[PDB]
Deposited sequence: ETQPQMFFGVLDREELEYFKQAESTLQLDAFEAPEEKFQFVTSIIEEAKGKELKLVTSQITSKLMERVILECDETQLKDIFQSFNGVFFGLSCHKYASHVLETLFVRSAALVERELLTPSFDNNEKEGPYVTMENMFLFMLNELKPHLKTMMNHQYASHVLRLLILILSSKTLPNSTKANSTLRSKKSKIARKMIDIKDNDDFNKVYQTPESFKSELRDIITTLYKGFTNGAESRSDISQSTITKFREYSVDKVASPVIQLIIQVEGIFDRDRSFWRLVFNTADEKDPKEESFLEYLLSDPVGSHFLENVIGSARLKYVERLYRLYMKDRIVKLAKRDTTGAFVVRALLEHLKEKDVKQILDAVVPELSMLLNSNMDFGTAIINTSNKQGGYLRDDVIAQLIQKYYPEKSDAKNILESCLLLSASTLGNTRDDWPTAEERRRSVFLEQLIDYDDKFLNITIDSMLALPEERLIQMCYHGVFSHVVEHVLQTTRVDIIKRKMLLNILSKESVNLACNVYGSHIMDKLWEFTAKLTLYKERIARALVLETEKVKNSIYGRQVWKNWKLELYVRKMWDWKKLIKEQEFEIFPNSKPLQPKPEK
């Protein structure tokens, strides 16, 4: 169902102009726009298949589908009856189907909370697709449509709607149909053979099919206690199998295979994950952890989804390697530290000793954790060009914030490192899209000694108004309302500075937030009550 004809000279002129008018959007009322869309639909009657399959017009068709009313949506839907599979396979029409299906899914939701219905129309195309599901899964365009349909039928996030119970049944029937196709009507297992299992493992790591397999393993548990597709990829018995082992060794040394395994571990039954770990990973965890681009993603997934005893076993093995892992794989290092924290600071002394040695050796005079961990001097901080903050900068910031949350030692080291900068450089951080958040992160009132608070405040308070009016700086000013607890003079100085620039501060959307959080309406209108809030805050923060 691939070719439906070419658009002639007149149709091309008309639909180009209509598309142009539609995007200029000069209509003065929604009613005018709807009427114009209707005029487009009227001209498209009998030509819809040509229009969705032509590169020139397929995007107009998506617009129309988005802009028309419910009744028109239904008519456009039925105009595709009998060719859904061919359209799903089409380079341009498949994207039209996706737009259609997503809007249709939203319509069955309100059709549920209140002629032939959208629900029944949707079921008709599902039944038309059922004999093609296997071909779709392997089709470079139709696999995306299949994947979207499974997302819709399982009520998951589309490019999240509630669904009829008929949808839950369709999910079951679609996945079961696919299941019978990838077996041979085996009817148990067994007799599923290798190479049928091997052929399915090949799809598992196939560029086209693999995202569909992942999603299926992810949702099949909604209606299948036995996890049939999970069992198709992996075994369930209590001992190793040679073929499963070689496949596992491939996944753990292959980028797609590792990300596949990483994703399905989060949705597998716990005992199935414990089994893969026990049989194929536990005795080689350190070796796997050192594979930055492959196996390490799997080790991280184990740390996030296994139970306490196994997680601590992995930590026993990987924590001694933490400094070395941090050399090339900071994201993994962050998750290891995070997991140690979640497991009650497990191996804390070893983690801390290593991080101190690597980022803040107490024998070094040049020591500064902003420099060793954020590479501050070589960063985009203070650049005169229009350089946004980079991905590496955000990564290093997230790592440092994790350290600050791990132990007061790193909070105190970070603050000392900020106080060690030239004052201008620390202020620059306050305006930086990523490093500002690091500044905000150290403003933890009950964890920072009052002398340290005074010293930070001596610096920040000079920039009170400009920080308050800034998109990043205003979060810092918000934190300073609590950070100045037990420091009334500092709180009074900042409040006074802001009120002196009342109009400039309230002209900023960020400033108005600070104004609210600093309760400055009270400061101005009912000073006695403001002063009372300050007294109460003190005992609320420091009881």
### Task
Compare what was deposited with what's modelled and send me the C-alpha-less stretches, numbered from 1.
1-4, 119-129, 175-205, 590-600
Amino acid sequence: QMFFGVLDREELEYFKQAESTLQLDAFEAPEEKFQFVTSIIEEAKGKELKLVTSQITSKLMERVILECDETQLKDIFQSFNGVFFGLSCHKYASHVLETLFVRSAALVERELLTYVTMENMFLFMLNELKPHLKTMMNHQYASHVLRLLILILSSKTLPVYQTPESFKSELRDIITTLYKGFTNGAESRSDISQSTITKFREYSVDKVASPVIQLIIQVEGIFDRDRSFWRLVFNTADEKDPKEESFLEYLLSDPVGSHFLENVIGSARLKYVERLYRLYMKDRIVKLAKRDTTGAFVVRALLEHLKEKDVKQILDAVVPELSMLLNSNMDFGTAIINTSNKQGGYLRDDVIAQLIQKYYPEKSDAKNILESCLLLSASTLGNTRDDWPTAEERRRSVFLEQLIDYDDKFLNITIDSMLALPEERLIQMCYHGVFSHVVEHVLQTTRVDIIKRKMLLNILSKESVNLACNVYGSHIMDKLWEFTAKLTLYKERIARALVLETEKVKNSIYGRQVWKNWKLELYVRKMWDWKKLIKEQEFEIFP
From here on, numbers count along this sequence of modelled residues.
### Message
If you average the CA temperature factors as listed in the entry, which stretch comes out higher, 117-125 or 256-264?
### Response
117-125
### Task
Mind pulling up the entry and telling me whether 423-431 or 233-241 has the higher mean Cα temperature factor?
233-241
### Task
Select one of 401, 350, 173, 463: the residue whose C-alpha shows the highest B-factor in the crystal structure entry.
173
### Task
Return the residue from 223, 360, 332, 406 that has the highest Cα B-factor in the entry.
223
### Task
Going by the recorded CA B-factors, say which third of the chain residue 453 sits in, lowest, middle or highest.
lowest
### Query
With respect to C-alpha B-factor, does residue 440 fall in the lowest, middle or highest third of the chain as deposited?
lowest
### residue 275 CA temperature factor, ranked by third within the chain
middle
### Query
If you rank the chain by CA B-factor, which third does residue 32 end up in: lowest, middle or highest?
highest
### Query
How does residue 52 rank on Cα B-factor within its chain, lowest, middle or highest third?
middle
